Amino acid sequence: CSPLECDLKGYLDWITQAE
Amino acid sequence: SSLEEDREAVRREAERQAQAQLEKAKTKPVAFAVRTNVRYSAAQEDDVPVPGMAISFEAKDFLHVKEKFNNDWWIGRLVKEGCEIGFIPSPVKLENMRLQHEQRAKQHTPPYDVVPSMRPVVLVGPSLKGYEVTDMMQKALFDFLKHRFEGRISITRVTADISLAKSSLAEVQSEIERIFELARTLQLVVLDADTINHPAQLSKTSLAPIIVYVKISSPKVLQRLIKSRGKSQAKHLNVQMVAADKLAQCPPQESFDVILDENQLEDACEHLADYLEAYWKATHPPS
Ligand SMILES: *Cc1cccc(C*)c1
Ligand code: NI
């Protein structure tokens, strides 16, 4: 899959840790 | 003949005493720090209290000052691991070099800014503070640091617009004093500065911060992260995007101390932790 979808999921997981 | 040997004995008792004071200062606390606006290379003619023990520096170096030897010389160290204490030329000493040169020739930037003893960490990016993407990504980093550096760290929220530190002016000046105070014990200081979204906003202050750029490389990624937070947050997509673009246009080596462009939190956290552990060693010699 693309580099962009990968980055996105990285940062979505990053954000969930702050929840 | 035997009075030339009296002159030498005078010089070296003076050197022995300065040396003794230098040995004692090794375990004294740090009184304050300076950021250098000029360079200095020690030279025989400067008359160092202990020859061989002057501290040379470039512009924008940091010095920890322990105490005063006399009006020409302080005692302290360059903030760099391996660097132990020596003699730092006072602002009087450096100005008198110029002045001496000028008074003989006829026959305004201070050399130092006083700065927090530990440079405070300010996070900027990926976009605007006060919206969820930026607030949550930074919060995750603050949470990491509070755990990794337990015992060695102060984290504090600064709500005052300290960019106005080049009613409010009272609150701002108070927050600057409090930051200096937190740093005096040589713990890592980390600011959650609500108003600071760009490195230029702290340029004229004397906080001399470690600026950390939390960078999302791709604007399309940020666009999708913002939308992932829903309509309320997606409503303000535009302000968030330009705020992000402005950071990306900053010249990096001039604007930032650390750039975290890793898309995984653990990697960003460990990059930052490496930097701060190196800063800890620089600010905490085994001497
Ligand atoms: C789909 C995918 C493959 C490898 C790495 C990532 C982040 C994503
Ligand atoms: Ni633990």
# chains A, B, ... in the order shown; residues from 1 in each chain; ligands from 1
$ interface_residues --of "chain B" --to "chain A" --cutoff "6 Å" --atoms "only C-alpha atoms" --output "PDB file with N, CA, C and O atoms, in the first residue's frame"
ATOM      1  N   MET B 136      -3.642  16.675  20.667  1.00  0.00           N
ATOM      2  CA  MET B 136      -3.555  15.265  21.052  1.00  0.00           C
ATOM      3  C   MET B 136      -2.192  14.658  20.753  1.00  0.00           C
ATOM      4  O   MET B 136      -1.633  13.957  21.583  1.00  0.00           O
ATOM      5  N   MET B 137      -1.635  14.944  19.582  1.00  0.00           N
ATOM      6  CA  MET B 137      -0.273  14.495  19.277  1.00  0.00           C
ATOM      7  C   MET B 137       0.787  15.038  20.245  1.00  0.00           C
ATOM      8  O   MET B 137       1.704  14.318  20.640  1.00  0.00           O
ATOM      9  N   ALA B 140       0.361  13.378  23.761  1.00  0.00           N
ATOM     10  CA  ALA B 140       0.994  12.067  23.812  1.00  0.00           C
ATOM     11  C   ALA B 140       2.482  12.186  24.075  1.00  0.00           C
ATOM     12  O   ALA B 140       3.039  11.360  24.770  1.00  0.00           O
ATOM     13  N   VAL B 221      -1.869  13.889   4.375  1.00  0.00           N
ATOM     14  CA  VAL B 221      -2.017  13.104   5.597  1.00  0.00           C
ATOM     15  C   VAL B 221      -2.690  13.944   6.681  1.00  0.00           C
ATOM     16  O   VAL B 221      -3.666  13.523   7.297  1.00  0.00           O
ATOM     17  N   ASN B 263       6.420   8.972  11.728  1.00  0.00           N
ATOM     18  CA  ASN B 263       4.973   8.777  11.758  1.00  0.00           C
ATOM     19  C   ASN B 263       4.512   7.846  12.873  1.00  0.00           C
ATOM     20  O   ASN B 263       3.329   7.689  13.067  1.00  0.00           O
ATOM     21  N   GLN B 264       5.441   7.204  13.573  1.00  0.00           N
ATOM     22  CA  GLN B 264       5.087   6.369  14.715  1.00  0.00           C
ATOM     23  C   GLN B 264       5.495   7.073  16.007  1.00  0.00           C
ATOM     24  O   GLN B 264       6.593   7.601  16.094  1.00  0.00           O
ATOM     25  N   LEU B 265       4.596   7.076  16.985  1.00  0.00           N
ATOM     26  CA  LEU B 265       4.812   7.748  18.264  1.00  0.00           C
ATOM     27  C   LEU B 265       6.055   7.272  19.009  1.00  0.00           C
ATOM     28  O   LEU B 265       6.798   8.091  19.546  1.00  0.00           O
TER      29      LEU B 265
END
$ residues_around --residues "residue B:279" --least-positions-apart "2" --cutoff "12 Å" --atoms "only C-alpha atoms" --output "list in words"
residues 62, 79, 80, 81, 117, 118, 119, 120, 121, 186, 187, 188, 189, 210, 257, 258, 272, 273, 274, 275, 276, 277, 281, 282, 283, 284 and 285 of chain B
$ write_last_selection --atoms "C-alpha atoms" --output "PDB file, in the first residue's frame"
ATOM      1  CA  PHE B  62      25.721  28.394  26.165  1.00  0.00           C
ATOM      2  CA  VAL B  79      27.296  23.486  28.107  1.00  0.00           C
ATOM      3  CA  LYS B  80      28.896  20.510  26.346  1.00  0.00           C
ATOM      4  CA  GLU B  81      29.774  17.014  27.556  1.00  0.00           C
ATOM      5  CA  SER B 117      19.915  27.498  33.156  1.00  0.00           C
ATOM      6  CA  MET B 118      18.080  24.739  31.301  1.00  0.00           C
ATOM      7  CA  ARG B 119      16.696  25.760  27.960  1.00  0.00           C
ATOM      8  CA  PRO B 120      12.950  25.136  28.055  1.00  0.00           C
ATOM      9  CA  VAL B 121      11.387  22.781  25.518  1.00  0.00           C
ATOM     10  CA  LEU B 186      18.869  22.022  36.425  1.00  0.00           C
ATOM     11  CA  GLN B 187      15.869  19.750  35.817  1.00  0.00           C
ATOM     12  CA  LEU B 188      14.577  19.458  32.272  1.00  0.00           C
ATOM     13  CA  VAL B 189      11.954  22.141  31.680  1.00  0.00           C
ATOM     14  CA  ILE B 210      14.833  24.114  22.571  1.00  0.00           C
ATOM     15  CA  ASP B 257      16.591  22.225  17.492  1.00  0.00           C
ATOM     16  CA  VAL B 258      14.726  18.950  16.941  1.00  0.00           C
ATOM     17  CA  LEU B 272      13.232  13.278  21.401  1.00  0.00           C
ATOM     18  CA  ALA B 273      14.450  11.228  24.387  1.00  0.00           C
ATOM     19  CA  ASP B 274      17.859  10.757  22.753  1.00  0.00           C
ATOM     20  CA  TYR B 275      18.210  14.505  22.231  1.00  0.00           C
ATOM     21  CA  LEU B 276      17.150  15.358  25.827  1.00  0.00           C
ATOM     22  CA  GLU B 277      19.439  12.709  27.343  1.00  0.00           C
ATOM     23  CA  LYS B 281      24.755  15.033  29.887  1.00  0.00           C
ATOM     24  CA  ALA B 282      25.897  18.392  28.507  1.00  0.00           C
ATOM     25  CA  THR B 283      24.243  20.203  31.444  1.00  0.00           C
ATOM     26  CA  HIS B 284      25.358  17.632  34.062  1.00  0.00           C
ATOM     27  CA  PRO B 285      29.055  16.832  33.950  1.00  0.00           C
TER      28      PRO B 285
END
$ residues_around --residues "residue B:91" --least-positions-apart "6" --cutoff "9 Å" --atoms "only C-alpha atoms" --output "number ranges by chain"
B: 71-73, 110-112
$ write_last_selection --atoms "N, CA and C atoms" --output "short mmCIF file (atom, residue, chain, number, x, y, z; two decimals), in the first residue's frame"
data_model
loop_
_atom_site.label_atom_id
_atom_site.label_comp_id
_atom_site.auth_asym_id
_atom_site.auth_seq_id
_atom_site.Cartn_x
_atom_site.Cartn_y
_atom_site.Cartn_z
N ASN B 71 36.28 41.14 38.62
CA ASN B 71 35.48 41.89 37.65
C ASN B 71 35.81 41.56 36.20
N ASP B 72 36.98 40.97 35.95
CA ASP B 72 37.35 40.55 34.60
C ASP B 72 36.95 39.10 34.26
N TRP B 73 36.77 38.26 35.29
CA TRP B 73 36.64 36.81 35.06
C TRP B 73 35.56 36.15 35.91
N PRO B 110 25.40 43.58 23.72
CA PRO B 110 26.00 42.88 24.86
C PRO B 110 26.61 41.55 24.42
N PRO B 111 27.75 41.18 25.01
CA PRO B 111 28.34 39.91 24.64
C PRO B 111 27.50 38.72 25.13
N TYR B 112 26.73 38.89 26.22
CA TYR B 112 25.89 37.84 26.81
C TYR B 112 24.43 38.26 27.03
#
$ residues_near_ligand --ligand "ligand 2" --cutoff "9 Å" --atoms "only C-alpha atoms and all ligand atoms" --output "MDAnalysis selection string"
chainID B and resid 147:148 150
$ write_last_selection --atoms "N, CA and C atoms" --output "tab-separated table (two decimals), in the first residue's frame"
chain	number	residue	atom	x	y	z
B	147	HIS	N	6.90	10.35	31.99
B	147	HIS	CA	7.29	9.01	32.42
B	147	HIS	C	8.78	8.71	32.21
B	148	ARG	N	9.28	8.90	30.99
B	148	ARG	CA	10.72	8.63	30.70
B	148	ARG	C	11.66	9.41	31.62
B	150	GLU	N	10.86	10.94	34.64
B	150	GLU	CA	10.40	11.08	36.02
B	150	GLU	C	11.57	11.35	36.97
$ residues_around --residues "residue B:133" --least-positions-apart "3" --cutoff "9 Å" --atoms "only C-alpha atoms" --output "ChimeraX atom specification"
/A:15 /B:126-130,136-138,222,225-226,229,233
$ write_last_selection --atoms "C-alpha atoms" --output "CSV table (one decimal), in the first residue's frame"
chain,number,residue,atom,x,y,z
A,15,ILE,CA,-3.7,10.3,18.4
B,126,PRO,CA,2.1,19.7,13.3
B,127,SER,CA,-0.5,22.4,13.0
B,128,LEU,CA,-2.4,24.9,15.3
B,129,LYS,CA,-2.5,24.5,19.1
B,130,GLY,CA,-6.1,24.5,20.3
B,136,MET,CA,-3.6,15.3,21.1
B,137,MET,CA,-0.3,14.5,19.3
B,138,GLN,CA,1.6,16.9,21.6
B,222,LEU,CA,-2.7,16.1,7.9
B,225,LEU,CA,-6.2,13.4,10.1
B,226,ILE,CA,-8.1,16.6,10.6
B,229,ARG,CA,-11.8,14.2,13.9
B,233,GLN,CA,-12.7,20.2,13.7
$ closest_residue --among "B:155, B:262, B:252, B:195" --to "ligand 1" --atoms "only C-alpha atoms and all ligand atoms"
B:262
$ atom_distance --atom1 "atom CA of residue B:237" --atom2 "atom CA of residue B:219"
11.3 Å
$ atom_distance --atom1 "atom CA of residue B:78" --atom2 "atom CA of residue B:203"
22.2 Å
$ closest_residue --among "B:201, B:223, B:38, B:211" --to "residue B:242" --atoms "only C-alpha atoms"
B:223
$ atom_distance --atom1 "atom CA of residue B:194" --atom2 "atom CA of residue B:158"
6.2 Å
$ select_by_dssp --residues "stretch 47-262 of chain B" --states "strand (DSSP E)" --output "PyMOL selection string"
chain B and resi 62-68+73-78+86-89+112-115+121-124+153-158+188-193+210-214+258-260
$ select_by_dssp --residues "stretch 21-130 of chain B" --states "alpha helix (DSSP H)" --output "list in words"
residues 21, 22, 23, 24, 25, 91, 92, 93, 94, 95, 96, 97, 98, 99, 100, 101, 102, 103, 104, 105 and 106 of chain B
$ write_last_selection --atoms "N, CA, C and O atoms" --output "tab-separated table (two decimals), in the first residue's frame"
chain	number	residue	atom	x	y	z
B	21	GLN	N	40.44	28.12	43.97
B	21	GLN	CA	39.04	28.55	43.86
B	21	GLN	C	38.32	27.79	42.73
B	21	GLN	O	37.13	27.45	42.85
B	22	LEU	N	39.04	27.54	41.64
B	22	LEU	CA	38.52	26.75	40.53
B	22	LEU	C	38.20	25.32	40.98
B	22	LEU	O	37.12	24.83	40.67
B	23	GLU	N	39.11	24.67	41.72
B	23	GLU	CA	38.86	23.30	42.22
B	23	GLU	C	37.59	23.28	43.07
B	23	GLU	O	36.76	22.39	42.94
B	24	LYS	N	37.45	24.27	43.96
B	24	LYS	CA	36.29	24.34	44.85
B	24	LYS	C	34.98	24.54	44.11
B	24	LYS	O	33.95	23.98	44.51
B	25	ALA	N	35.01	25.33	43.04
B	25	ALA	CA	33.82	25.61	42.25
B	25	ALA	C	33.26	24.38	41.53
B	25	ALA	O	32.09	24.36	41.18
B	91	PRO	N	31.63	40.48	30.87
B	91	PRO	CA	31.25	41.49	29.87
B	91	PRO	C	32.09	42.75	29.92
B	91	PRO	O	32.26	43.43	28.90
B	92	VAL	N	32.57	43.07	31.11
B	92	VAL	CA	33.54	44.15	31.32
B	92	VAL	C	34.87	43.84	30.63
B	92	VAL	O	35.43	44.69	29.94
B	93	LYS	N	35.41	42.65	30.86
B	93	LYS	CA	36.63	42.20	30.22
B	93	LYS	C	36.53	42.30	28.69
B	93	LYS	O	37.46	42.79	28.04
B	94	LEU	N	35.42	41.84	28.11
B	94	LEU	CA	35.30	41.79	26.65
B	94	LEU	C	35.14	43.19	26.06
B	94	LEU	O	35.70	43.48	25.01
B	95	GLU	N	34.38	44.05	26.75
B	95	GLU	CA	34.20	45.45	26.33
B	95	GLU	C	35.49	46.25	26.47
B	95	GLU	O	35.79	47.11	25.63
B	96	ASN	N	36.25	45.99	27.53
B	96	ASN	CA	37.54	46.65	27.73
B	96	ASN	C	38.61	46.24	26.71
B	96	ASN	O	39.56	46.98	26.52
B	97	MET	N	38.47	45.08	26.09
B	97	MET	CA	39.35	44.72	24.98
B	97	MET	C	39.11	45.69	23.83
B	97	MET	O	40.04	46.31	23.33
B	98	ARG	N	37.85	45.84	23.44
B	98	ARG	CA	37.46	46.84	22.44
B	98	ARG	C	37.92	48.23	22.87
B	98	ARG	O	38.64	48.91	22.14
B	99	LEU	N	37.52	48.64	24.07
B	99	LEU	CA	37.76	49.99	24.58
B	99	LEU	C	39.25	50.32	24.66
B	99	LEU	O	39.67	51.43	24.35
B	100	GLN	N	40.03	49.34	25.10
B	100	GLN	CA	41.48	49.46	25.18
B	100	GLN	C	42.06	49.67	23.78
B	100	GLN	O	42.90	50.54	23.58
B	101	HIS	N	41.59	48.86	22.84
B	101	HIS	CA	41.94	49.00	21.44
B	101	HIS	C	41.59	50.40	20.86
B	101	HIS	O	42.35	50.97	20.06
B	102	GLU	N	40.45	50.96	21.28
B	102	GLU	CA	39.99	52.27	20.81
B	102	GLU	C	40.70	53.45	21.47
B	102	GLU	O	40.96	54.45	20.81
B	103	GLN	N	40.97	53.35	22.77
B	103	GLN	CA	41.69	54.40	23.50
B	103	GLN	C	43.14	54.51	23.04
B	103	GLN	O	43.72	55.61	23.05
B	104	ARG	N	43.72	53.38	22.65
B	104	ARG	CA	45.07	53.36	22.07
B	104	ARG	C	45.09	53.83	20.61
B	104	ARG	O	46.08	54.41	20.16
B	105	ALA	N	44.00	53.57	19.89
B	105	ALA	CA	43.87	53.97	18.48
B	105	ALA	C	43.69	55.48	18.27
B	105	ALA	O	44.12	56.02	17.25
B	106	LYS	N	43.04	56.16	19.23
B	106	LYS	CA	42.86	57.62	19.17
B	106	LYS	C	44.15	58.37	19.55
B	106	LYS	O	44.36	59.51	19.12
$ closest_residue --among "B:217, B:68, B:8, B:149" --to "residue B:249" --atoms "only C-alpha atoms"
B:217
